[PDB]
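Two forms of a single protein chain come next, each set out by itself as structure tokens; they are called structure 1 and structure 2.
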Structure 1
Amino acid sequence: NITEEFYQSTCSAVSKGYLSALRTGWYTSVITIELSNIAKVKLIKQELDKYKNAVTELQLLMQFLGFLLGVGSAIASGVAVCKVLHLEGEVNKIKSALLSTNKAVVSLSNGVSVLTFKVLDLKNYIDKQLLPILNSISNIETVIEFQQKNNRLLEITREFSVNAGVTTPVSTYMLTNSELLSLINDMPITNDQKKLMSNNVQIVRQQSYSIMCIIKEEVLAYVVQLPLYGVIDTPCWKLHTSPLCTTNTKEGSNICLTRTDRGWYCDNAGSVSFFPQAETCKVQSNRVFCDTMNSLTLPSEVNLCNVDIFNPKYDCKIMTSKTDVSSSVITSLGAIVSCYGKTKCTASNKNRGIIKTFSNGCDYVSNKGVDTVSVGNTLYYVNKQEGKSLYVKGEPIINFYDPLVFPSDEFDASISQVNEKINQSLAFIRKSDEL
């Protein structure tokens, strides 16, 4: 299962063992609620005005390397469908197909065959239960049943109200679990995809959008926009990097280097999907949920940067500085510690206290027997996930650089770019020498 290697030479760690679940596409579907246009009945008269107020609100609704990412439009697929429902006869084409069945496909005269779904029939209820008796007296409940149907409308309306028509995650009121699962059952997708979504509906919900579309002809329509997971069960690995600095006694005489390529990496279609912001990803035990909108597509060679950062096949990205501050990175199965200067850095067991005091430099410790890590005044709990760690001994590459000609304000840089800068300044040095 989960494993982790630490590289002393580059102050970085890789956690492998994970399986992908990447949102690669969207599945849109039109969700409809049909509406009515209007002593134990005083309850019903109350709920009935809660009703009109919701309808009223609804009508008011009308009238390091992350900077390298592109810029999408997350709900462009859903709004594309909404804009079509505004065509005339298009709300009736839906209203007609959803007469004798609660789920139908409406060819929207735009290209898409959209799955339409009537989740709530208030129009029918109010007109075939409340309307005949509103012409004084109430039976049994009924009162209960209406309060339940209606409350859902109020919840949906409250969400669209506070979010100005677009919500996420998709609540159980936008789409109940039984509705969602039947939607999943009728998706043109592999059985693996269906079981993945069913075992993780709340994650699925979190990657979905609900877009308020239209109120017209006693019908409320919103578009639910669900994730397509086109990439599933491919290898994933997370890269943790921390500043690697020299440790000369004299303050400010030090140089530093950080691999800037931290994030999630997943094998994808012959390339590797890279996610520079490792919080656009959510881990569940050993399954990594990601969104390809927040990714770059890179050559698979990129993994060579961990094995060997000076390699000729991929140019590994680094940043440089003279800023030797202490800090820690909490990995999947341990902790990276960049201890510099006068800082007090330790690792501790819950019951025994400090078991390791860190030297200046960059070091690593596994969660096996260690509960917390301390850098300066910052206490970090480590992840207590079960796995195996490997410490890969090696000379910190920062020691291979002469501080005199080291370039120290590079951010969008790399190993070859830095060497190029060094060569250039050694050229100048050997040319003034001959003077």
Structure 2
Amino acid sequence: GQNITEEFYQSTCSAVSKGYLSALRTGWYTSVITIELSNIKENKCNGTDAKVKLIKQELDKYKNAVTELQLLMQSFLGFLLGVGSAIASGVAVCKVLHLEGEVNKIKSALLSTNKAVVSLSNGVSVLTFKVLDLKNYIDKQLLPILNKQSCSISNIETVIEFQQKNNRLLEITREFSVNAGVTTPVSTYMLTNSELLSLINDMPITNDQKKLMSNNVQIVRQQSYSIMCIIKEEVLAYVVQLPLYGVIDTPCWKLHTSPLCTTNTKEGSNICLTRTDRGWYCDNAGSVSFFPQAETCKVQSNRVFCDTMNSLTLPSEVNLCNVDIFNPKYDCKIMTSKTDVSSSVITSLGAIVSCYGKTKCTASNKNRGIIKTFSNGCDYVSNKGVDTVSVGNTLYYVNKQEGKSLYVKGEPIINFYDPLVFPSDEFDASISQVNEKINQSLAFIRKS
């Protein structure tokens, strides 16, 4: 049959969407892109002809862009996450490129041909690429030294042919001059598709990846960096740090949460409880990589491209908070409050609606109009027959992807708490971390 599915748990005001397929970035592959430069002398014939003034205008554009580039090289729960340097890998290769001949090694590997693999001084085997040959175009087609010195140019089609080639370089040095020598996502200027697919294919990766990457090439651009590196001899060199999708096609699910309160009629005197583990969950070698800020993940179809360094790694048993939030093994996380406030949280196949107090909560559709008015509490609505959900004054258009949703009838857990001794302010604490503060407040009841 078809693909992705979802279920709502009435008991904990949450839903998970399963049936997705991972695409985790685990490692970084560095590759070196080079552009060959003419290092000309600005005394090419000092003439004033109609189109010689246009070429000389274009050399300027170029000669400045080389120096502009030279001057550039000068010497809930996401808080649990821990931090890294992102492009250390790339820069480290870029830093190795500054040793003595490492650059010429690349010049030489690449004069016979356009692609090459090369071993740097520290052994790392790195893919290199010559994508523009401005040295050859300028030195053997714009210094006409038979006819006649670049003082008097003949055709216009040679003015254009040039500002076409040079255009790429101007758009490159522009992107760097803005972004302090490091760009993401990687534009079509740093790497054209023809180049990026070629590069995908010559990488030290498996076919499982080479397919993933090539079909979702527009994502590969977003998870890559382009680090402007060095420009000495007649070479411009920037490093492109592509991602290594080391785990692929494992199951992924996406956990939705909204707050769950008592529905008492008093203006105050309501208790709230909200599952805090919102986010993505991929299976990753007998443990689950959990991606708490679930926006960073970009999905395409069912494929969930995440970046592992935005993850915790958790026991497989985290998955139990969805089925039995009270179970013994894992200790599911929540956050308490007295702030009974209405909202909806839209799921992959539906919507969750947290409707409280005097707030007005409906579910409308394109044709039948309003087709449900929610009663106070945490409820759910499939995207089958509903297009919008409105809570208060905010309209939510619901997601119109295809798939089966299952309503898991259950007693909301916020009912099991005695509100007189329920810890109203606890901003990331757990199930068990709350059950202790209750075992306590009952002991703190020492009578006469």
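In this text, the rigid core denotes the largest set of C-alpha atoms whose superposition between the two forms falls within 1.5 Å. By convention here, residues take numbers in order along the sequence of structure 1, the first being 1.
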After rigid core alignment between the two structures, the listed option with CA shift of 2 Å or more out of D267, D233, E145, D308 is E145
Superposing on the rigid core, is the CA of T372 displaced by 2 Å or more between the two structures?
no
Against the rigid core, is the Cα displacement of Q46 between the two structures at least 2 Å?
yes
Once you lay the two forms on top of each other by their rigid core, how far has the C-alpha of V106 moved between the two structures, in Å?
2.4
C245: how big is its Cα shift between the two structures, in Å, with the core superposed?
0.4
